[PDB]
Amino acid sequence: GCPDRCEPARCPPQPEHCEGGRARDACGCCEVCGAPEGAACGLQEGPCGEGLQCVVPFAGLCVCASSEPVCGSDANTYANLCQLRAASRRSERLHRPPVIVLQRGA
């Protein structure tokens, strides 16, 4: 049940960082925290964060829209870019800098 036009002055204030990254609400109006990879999404559970797609049997689960390994600014290779970005947010949460992408798996 969405109004035909987003009402921005009604949008809730947000935390500096979100566990599963950023997203929009179901009306595509306000910025909200999105569900992380492997977390429940849809209806009550809310949207997946950036780079994640809500998948359902043909409630859902968030999966990374990309599936290829990536090498970050640390030594650690990440199973996908969603996991690299989460690690980066956790690092920023505890006041460090981000984990940036170097190449792809190597």
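For every residue, the number given is its place in the sequence shown, counted from 1.
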Practice prompt. Select one of none, 1 to 3, 4 to 9, or 10 or more to describe the deposited residues without coordinates separating residue 58 and residue 59.
Written response: 10 or more
Discussion item. So, looking at the entry's B-factor column for Cα atoms, which has the higher mean, 46-54 or 77-85?
Written reply: 77-85
Fill in: Higher-B stretch (mean Cα B-factor, as the entry records it), 20-28 or 90-98
90-98
Discussion item. Sorting 70, 65, 62, 33 by Cα temperature factor from the record, which one lands on top?
Written reply: 70
